[PDB]
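Only one structure is covered here, and it is reproduced in the block below.
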Amino acid sequence: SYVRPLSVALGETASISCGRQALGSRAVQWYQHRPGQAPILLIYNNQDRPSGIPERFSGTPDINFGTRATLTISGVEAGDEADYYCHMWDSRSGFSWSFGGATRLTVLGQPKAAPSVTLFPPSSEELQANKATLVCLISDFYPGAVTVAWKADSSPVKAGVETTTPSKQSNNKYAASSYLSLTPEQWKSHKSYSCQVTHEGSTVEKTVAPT
Amino acid sequence: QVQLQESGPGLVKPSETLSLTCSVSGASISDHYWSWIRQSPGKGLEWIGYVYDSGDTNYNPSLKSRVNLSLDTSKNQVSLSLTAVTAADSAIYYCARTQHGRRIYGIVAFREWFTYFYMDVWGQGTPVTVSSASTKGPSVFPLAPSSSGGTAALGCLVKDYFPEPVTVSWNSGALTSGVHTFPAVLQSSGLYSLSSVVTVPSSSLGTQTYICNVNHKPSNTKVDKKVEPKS
Amino acid sequence: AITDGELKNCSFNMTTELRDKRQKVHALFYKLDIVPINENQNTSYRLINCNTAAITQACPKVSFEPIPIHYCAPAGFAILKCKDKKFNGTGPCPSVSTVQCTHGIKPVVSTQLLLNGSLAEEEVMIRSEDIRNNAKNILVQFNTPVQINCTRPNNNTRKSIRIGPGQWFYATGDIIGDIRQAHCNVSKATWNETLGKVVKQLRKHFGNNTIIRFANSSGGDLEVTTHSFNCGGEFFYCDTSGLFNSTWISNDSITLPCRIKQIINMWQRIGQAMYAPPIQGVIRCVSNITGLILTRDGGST
Amino acid sequence: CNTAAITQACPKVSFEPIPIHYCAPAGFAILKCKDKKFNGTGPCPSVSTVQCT
Ligand SMILES: *[C@@H]1O[C@H](CO)[C@@H](O[C@@H]2O[C@H](CO)[C@@H](O[C@@H]3O[C@H](CO[C@H]4O[C@H](CO[C@H]5O[C@H](CO)[C@@H](O)[C@H](O)[C@@H]5O[C@H]5O[C@H](CO)[C@@H](O)[C@H](O)[C@@H]5O)[C@@H](O)[C@H](O[C@H]5O[C@H](CO)[C@@H](O)[C@H](O)[C@@H]5O)[C@@H]4O)[C@@H](O)[C@H](O[C@H]4O[C@H](CO)[C@@H](O)[C@H](O)[C@@H]4O[C@H]4O[C@H](CO)[C@@H](O)[C@H](O)[C@@H]4O[C@H]4O[C@H](CO)[C@@H](O)[C@H](O)[C@@H]4O)[C@@H]3O)[C@H](O)[C@H]2NC(C)=O)[C@H](O)[C@H]1NC(C)=O
Ligand SMILES: *[C@@H]1O[C@H](CO)[C@@H](O[C@@H]2O[C@H](CO)[C@@H](O[C@@H]3O[C@H](CO[C@H]4O[C@H](CO[C@H]5O[C@H](CO)[C@@H](O)[C@H](O)[C@@H]5O)[C@@H](O)[C@H](O)[C@@H]4O)[C@@H](O)[C@H](O[C@H]4O[C@H](CO)[C@@H](O)[C@H](O)[C@@H]4O[C@H]4O[C@H](CO)[C@@H](O)[C@H](O)[C@@H]4O[C@H]4O[C@H](CO)[C@@H](O)[C@H](O)[C@@H]4O)[C@@H]3O)[C@H](O)[C@H]2NC(C)=O)[C@H](O)[C@H]1NC(C)=O
Ligand SMILES: *[C@@H]1O[C@H](CO)[C@@H](O[C@@H]2O[C@H](CO)[C@@H](O[C@@H]3O[C@H](CO)[C@@H](O)[C@H](O[C@H]4O[C@H](CO)[C@@H](O)[C@H](O)[C@@H]4O)[C@@H]3O)[C@H](O)[C@H]2NC(C)=O)[C@H](O)[C@H]1NC(C)=O
Ligand SMILES: *[C@@H]1O[C@H](CO)[C@@H](O[C@@H]2O[C@H](CO)[C@@H](O)[C@H](O)[C@H]2NC(C)=O)[C@H](O)[C@H]1NC(C)=O
Ligand SMILES: *[C@@H]1O[C@H](CO)[C@@H](O[C@@H]2O[C@H](CO)[C@@H](O)[C@H](O)[C@H]2NC(C)=O)[C@H](O)[C@H]1NC(C)=O
Ligand SMILES: *[C@@H]1O[C@H](CO)[C@@H](O[C@@H]2O[C@H](CO)[C@@H](O)[C@H](O)[C@H]2NC(C)=O)[C@H](O)[C@H]1NC(C)=O
Ligand SMILES: *[C@@H]1O[C@H](CO)[C@@H](O)[C@H](O)[C@H]1NC(C)=O
Ligand SMILES: *[C@@H]1O[C@H](CO)[C@@H](O)[C@H](O)[C@H]1NC(C)=O
Ligand SMILES: *[C@@H]1O[C@H](CO)[C@@H](O)[C@H](O)[C@H]1NC(C)=O
């Protein structure tokens, strides 16, 4: 149905149990899936790792029945965090069409990264189009949990605010963006506009003003 | 060295015949297996069916009635058809090369062996959104640099459009350093909006003629725009 | 589950210790021990014996392994042992000795194939009551023993379900592990060699040169058609078509399919059937195939 | 009921012990130790023979 969560300390090995355990002799495939990217299989036949896969990942070989197919990851790092699927093929069960229930691996102890905020005033061409949008961009922040509050001078806006949920980038840090839709007259009236981003206990504010 | 490319429409009306195509470059299509997998947000990836090299086919029991596969011998293309699409059928579609596996646990003569498949090579995947909404072209507005030394920030804005995705390049892909394309945001209006910024040195700023190249396949629109400081 | 079943998963209600209470239990059974109660067909089954005779469960402590038994005669009587190597069925035995008790004779109940018996010395022996008459069987005794390995790979389990005050019924517990069927192995080299030595002694009674073929059993059913025997407590029934499938004129081990039953009526017993309690774990027994029991097809050839 | 079955003792048979004499067959004999102070085991100085106890 939905994903089951797993948490591991950074740099310490971890074992991923496999749901729907086998009834007879089995050949298991372990797939690594990142949101939005193509799944990469780590183990095609229990202990067989295709070329290019690091030696840190390993799986249990069904030499004597009664063993439980598990996925062992040594030196757990940021890149390991992902969803892992256990495709089961046992002798008793029939054709296994569905993959296993997802297993969300999270890496604890990751170093926090301060967010890099960049506020952009509306373009002149957008103002000619009789529309205005303030664009607040947040990059390279971990953990990926931020709150965005806009303000005008002092007052908070609280209206016309649209923010993306944080998404992981190739840097293994998150990236989020917020958009404030405004009318060109409202952009010229106020003295300045501020984007406030709160990450953990810290808060960073950037300001832009009309020319 | 095998590469797969999935070319899909990206948008299809509900209750219509969705179709895709899986081009292959590594090896011939008559020597391996070809399987399609779809992944939707909030749901686990789903194996829908593989393609023989000859090209009998089996399909997942859930979608067995609405899916039809086919393999072209003249062109290394694996085509997937799907009827009566709905909002649920929208998801990212992959096509991977599947290999045959034979697990022997008893005496071969009395059966006692099952075939197990595994896909070692995957494609990049093409998204497909199913909705009655029409296509919408993106409005591109340049973001002027903010003007310590010598880092500077400029970029472009891609206003409301539909549907995903949008490809952004700079100088026709001439610049790759300091390029960060943020994920889009879905507004209540029902159109996505994304930004793309580039970090360049203050110096260089003046003048290097930075131009962002935008492309929206469903809208059939490819747009370029210049970015330069404003007084 | 499986697509395109010798054993079946059966549920049914059985009495408990208390007369008023009942219990529902599930136990695995073999196809041979059960018949459908409908044939129309629905799918309610019953035990194969309930229609003909009652049934009793063999106590779990007693063992079915044959041990050497010596038959003795009382004082005033004696037993004469014929020590003639080449001694055929009947006739005058030149070398005779006297003993009070016979050698260690194991009561191995088998069919088709003789197991754990005593090997004939010198040449292999062909013994019959009337070689000219096809109706009478043919006893064969090997000089060199062939080896046969029978196994039940399934890791069965014993389910002890009480069916009354003191009464205990031992049902099969779901199998643990793969589902494989029992089978015996025989070395094709030794069996082809041993079978060739048999045809040489066979031609001594059917002409120094003649066509000698071998086919599978085509008469009777159940016990007479399969190499039935016991092994660790489970009763095997093997198809011997692979062994008697040749034609003679002028390490690649053979395999035999074996099916199992738990309800049996041995020695043509009419009125009493026995339920062999399941044997826990994997079963494997290595036995000696020392003799055979053949029969001609007859006809006007 | 949980362990073993049960049977009702017939009402006519009585459980009162009556004197029983254990006899040995012809060719055998029973030796009775008539030593008053005779302990468990050991040599019995005074011995007699009887066919039944
Ligand atoms: C009476 O008579 C009967 C008839 O004669 C007789 O029947 C026999 O019964 C026995 C059991 O009772 C059966 O034994 C099993 O046989 C299996 C298969 O063995 C053969 O095939 C495999 C696979 O061959 C393919 O793969 C290899 C490996 O890469 C390739 O090199 C080959 O080229 C081949 O690939 C081609 O062919 C494929 C088609 O199959 C194609 O798909 C492919 O594309 C290619 O074209 C070989 O590995 C075997 O060789 C090795 O083993 C044999 C047997 O021991 C040795 O003699 C030989 O020297 C080699 O060492 C052989 O050729 C066995 O796999 C099986 O053992 C597995 O299963 C058991 C239980 O399930 C496990 O406990 C055990 O651990 C084994 O599992 C391992 O392997 C699987 C799959 O690889 C893994 O998923 C698993 O995790 C585990 O991995 C571990 O072991 C690996 C190697 O063992 C190791 O690499 C790993 O690192 C890890 O440690 C079992 O032995 C036998 O098949 C019957 N025979 C017949 C003819 O029916 C009966 O026994 C007789 N006896 C009686 C009655 O008493
Ligand atoms: C033709 O002749 C052939 C030549 O003999 C025959 O081949 C014979 O085949 C039979 C099977 O049909 C074999 O019998 C079974 O063998 C099993 C495997 O033996 C292994 O274990 C041995 C244990 O070692 C002990 O004994 C050896 C003997 O020398 C001794 O050296 C050693 O020190 C140790 O004391 C080992 O020696 C062997 O090498 C093997 O590795 C064996 O397990 C079987 O025993 C079972 O089953 C029999 C019959 O069912 C019972 O009488 C036994 O008591 C025992 O049952 C108990 O143990 C089971 C183990 O799982 C349990 O499941 C049972 O429930 C039961 O447990 C209860 O009782 C226990 C004792 O009271 C309690 O402690 C428990 O708590 C429980 O209450 C069985 O012997 C022969 O071995 C094999 N022959 C040879 C030479 O190997 C062939 O069958 C013949 N063909 C025909 C058609 O007749
Ligand atoms: C399965 O079949 C094989 C087929 O050979 C069988 O192996 C043989 O068993 C016999 C016993 O039945 C063995 O013979 C004995 O061996 C012992 C130990 O070496 C000797 O002490 C014995 O000597 C005497 O007894 C003989 C009669 O058995 C007399 O002829 C002789 O004068 C002596 O008094 C006797 O030779 C024989 O050695 C083995 N064969 C081999 C190669 O080991 C095996 O026993 C069978 N299995 C079962 C479970 O029955
Ligand atoms: C076993 O050998 C004896 C030889 O002593 C056979 O006895 C003779 O058998 C023939 C026919 O087979 C008869 O014509 C003779 O009259 C028999 N002689 C005696 C003294 O009875 C015996 O038939 C052989 N048995 C088998 C089954 O071959
Ligand atoms: C048959 O299955 C039983 C399980 O019922 C196995 O017995 C277990 O063996 C493991 C060893 O791997 C032990 O850790 C367990 O404690 C055992 N459990 C019981 C209940 O016995 C047995 O090993 C299996 N035999 C075969 C040949 O596969
Ligand atoms: C039956 O099983 C026995 C033993 O389980 C087999 O004897 C083995 O034979 C091999 C040669 O193939 C030897 O290497 C082993 O040492 C033998 N083991 C023992 C215990 O003697 C025998 O070959 C099997 N027969 C068949 C037909 O499979
Ligand atoms: C088992 O017993 C219950 C209660 O007596 C009864 O309703 C049910 O039909 C029985 N089922 C079978 C399969 O005998
Ligand atoms: C005997 O052999 C025939 C093949 O000619 C086969 O169809 C039949 O099932 C066999 N029957 C027995 C009892 O072995
Ligand atoms: C007999 O052997 C032949 C030739 O190998 C084979 O085709 C046939 O299936 C065998 N029949 C039986 C009953 O084993």
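Chain identifiers are assigned as A, B, and so on, following the order in which chains appear in the structure tokens; residues are numbered from 1 within each chain, and ligands are numbered from 1 in order of appearance.
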Pull out every residue of chain B that has at least one atom within 7 Å of chain A, counting only C-alpha atoms, and report them as a compact mmCIF listing (two decimals) with N, CA and C atoms, in the first residue's frame.
# COMPACT_ATOMS: atom_id res chain seq x y z
N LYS B 43 2.07 6.41 -5.03
CA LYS B 43 1.86 5.00 -5.29
C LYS B 43 3.18 4.35 -5.68
N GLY B 44 3.34 3.09 -5.29
CA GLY B 44 4.53 2.36 -5.67
C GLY B 44 4.58 2.09 -7.16
N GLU B 46 4.79 0.31 -10.69
CA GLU B 46 3.93 -0.78 -11.13
C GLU B 46 4.47 -1.40 -12.40
N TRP B 47 4.73 -2.70 -12.37
CA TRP B 47 5.11 -3.46 -13.55
C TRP B 47 3.86 -3.79 -14.35
N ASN B 60 0.09 -7.24 -17.02
CA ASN B 60 -0.32 -7.29 -15.62
C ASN B 60 -1.82 -7.58 -15.54
N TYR B 105 15.27 -25.26 -8.25
CA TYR B 105 15.29 -25.63 -6.84
C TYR B 105 15.09 -27.11 -6.59
N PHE B 114 11.18 -22.16 -11.75
CA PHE B 114 10.40 -21.01 -12.16
C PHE B 114 11.30 -19.97 -12.81
N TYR B 116 12.36 -16.13 -13.47
CA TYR B 116 12.33 -14.85 -12.77
C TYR B 116 13.00 -13.80 -13.64
N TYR B 118 14.34 -9.70 -14.44
CA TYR B 118 14.95 -8.54 -13.82
C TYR B 118 15.38 -7.57 -14.92
N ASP B 120 17.79 -4.74 -16.01
CA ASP B 120 19.09 -4.20 -15.66
C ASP B 120 19.33 -2.80 -16.22
N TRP B 122 17.61 0.77 -17.69
CA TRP B 122 16.41 1.59 -17.70
C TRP B 122 16.57 2.78 -18.64
N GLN B 124 15.23 6.96 -19.34
CA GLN B 124 15.11 8.15 -18.50
C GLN B 124 13.69 8.32 -17.98
N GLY B 125 12.70 8.00 -18.81
CA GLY B 125 11.31 8.14 -18.40
C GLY B 125 10.68 9.42 -18.88
N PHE B 141 9.84 35.76 -18.47
CA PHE B 141 10.25 37.09 -18.08
C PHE B 141 11.64 37.04 -17.45
N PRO B 142 12.60 37.81 -17.95
CA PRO B 142 13.95 37.75 -17.39
C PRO B 142 14.02 38.35 -15.99
N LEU B 143 14.90 37.79 -15.18
CA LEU B 143 15.16 38.27 -13.82
C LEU B 143 16.50 38.99 -13.81
N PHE B 182 15.04 25.33 -10.38
CA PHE B 182 14.22 24.91 -9.25
C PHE B 182 12.95 24.22 -9.74
N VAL B 185 6.01 25.09 -9.30
CA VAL B 185 4.98 25.17 -8.27
C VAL B 185 3.63 25.22 -8.96
N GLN B 187 0.01 26.42 -8.97
CA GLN B 187 -0.84 27.43 -8.37
C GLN B 187 -2.31 27.01 -8.44
* Could the residues that lie within 10 Å of ligand 5, counting only C-alpha atoms and all ligand atoms, be listed as a ChimeraX atom specification? => /A:64-67 /C:153-158,173-178,280-283
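Taking CA of residue 91 (chain B) and CA of residue 11 (chain B) as endpoints, the distance between them is 10.7 Å.
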* Asked: Hey, which of C:140, C:182, C:28, C:124 ends up closest to chain B? Count only C-alpha atoms.
  -> C:182
* Could you please extract the residues within 6 Å of ligand 2, counting only C-alpha atoms and all ligand atoms, and hand them back as a count of residues only? => 14
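All of the residues in chain D within 12 Å of chain C are residues 1, 2, 3, 4, 5, 6 and 7 of chain D, where only C-alpha atoms were counted.
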Can you write out the residues you just picked, keeping N, CA and C atoms, as a PDB file, in the first residue's frame?
ATOM      1  N   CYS D   1     -10.454 -35.783  31.250  1.00  0.00           N
ATOM      2  CA  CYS D   1     -10.868 -35.693  29.853  1.00  0.00           C
ATOM      3  C   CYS D   1      -9.760 -35.164  28.954  1.00  0.00           C
ATOM      4  N   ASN D   2      -8.858 -34.344  29.495  1.00  0.00           N
ATOM      5  CA  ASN D   2      -7.817 -33.741  28.671  1.00  0.00           C
ATOM      6  C   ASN D   2      -6.683 -34.710  28.365  1.00  0.00           C
ATOM      7  N   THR D   3      -6.364 -35.616  29.291  1.00  0.00           N
ATOM      8  CA  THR D   3      -5.212 -36.500  29.141  1.00  0.00           C
ATOM      9  C   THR D   3      -5.603 -37.871  28.601  1.00  0.00           C
ATOM     10  N   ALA D   4      -6.406 -38.622  29.351  1.00  0.00           N
ATOM     11  CA  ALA D   4      -6.723 -39.995  29.000  1.00  0.00           C
ATOM     12  C   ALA D   4      -8.214 -40.251  29.149  1.00  0.00           C
ATOM     13  N   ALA D   5      -8.672 -41.321  28.501  1.00  0.00           N
ATOM     14  CA  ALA D   5     -10.059 -41.743  28.619  1.00  0.00           C
ATOM     15  C   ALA D   5     -10.331 -42.186  30.054  1.00  0.00           C
ATOM     16  N   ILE D   6     -11.549 -42.679  30.285  1.00  0.00           N
ATOM     17  CA  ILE D   6     -11.980 -43.088  31.614  1.00  0.00           C
ATOM     18  C   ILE D   6     -12.925 -44.275  31.496  1.00  0.00           C
ATOM     19  N   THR D   7     -12.849 -45.169  32.482  1.00  0.00           N
ATOM     20  CA  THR D   7     -13.697 -46.350  32.552  1.00  0.00           C
ATOM     21  C   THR D   7     -14.211 -46.502  33.975  1.00  0.00           C
TER      22      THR D   7
END
* To do: Give as a ChimeraX atom specification the residues surrounding ligand 3 up to a distance of 10 Å, considering only C-alpha atoms and all ligand atoms.
  => /C:104,106,115-119,121,143-147,286-290
Would you write out those residues with C-alpha atoms, as a PDB file, in the first residue's frame?
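Output (part_15.pdb):
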ATOM      1  CA  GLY C 104      18.672 -63.242   9.622  1.00  0.00           C
ATOM      2  CA  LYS C 106      14.402 -59.225   7.116  1.00  0.00           C
ATOM      3  CA  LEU C 115      14.840 -54.980  -1.510  1.00  0.00           C
ATOM      4  CA  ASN C 116      17.359 -55.806   1.229  1.00  0.00           C
ATOM      5  CA  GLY C 117      17.210 -59.501   0.329  1.00  0.00           C
ATOM      6  CA  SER C 118      20.080 -61.963   0.124  1.00  0.00           C
ATOM      7  CA  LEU C 119      22.252 -62.045  -2.991  1.00  0.00           C
ATOM      8  CA  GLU C 121      26.152 -66.584  -5.024  1.00  0.00           C
ATOM      9  CA  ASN C 143      24.633 -61.696  -7.537  1.00  0.00           C
ATOM     10  CA  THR C 144      25.619 -58.012  -7.420  1.00  0.00           C
ATOM     11  CA  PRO C 145      23.315 -55.611  -5.542  1.00  0.00           C
ATOM     12  CA  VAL C 146      22.120 -52.452  -7.237  1.00  0.00           C
ATOM     13  CA  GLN C 147      21.666 -49.331  -5.121  1.00  0.00           C
ATOM     14  CA  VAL C 286      19.199 -46.111   0.854  1.00  0.00           C
ATOM     15  CA  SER C 287      18.151 -49.687   0.092  1.00  0.00           C
ATOM     16  CA  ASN C 288      19.511 -52.743  -1.698  1.00  0.00           C
ATOM     17  CA  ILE C 289      17.646 -54.009  -4.767  1.00  0.00           C
ATOM     18  CA  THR C 290      18.660 -57.678  -4.729  1.00  0.00           C
TER      19      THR C 290
END
* **Picked from region 3-210 of chain A by DSSP as strand (DSSP E), as a ChimeraX atom specification** => /A:4-9,14-17,29-33,40-43,57-59,70-73,82-87,103-108,116-120,132-141,146-152,155-156,161-163,167-168,174-182,193-199,202-208
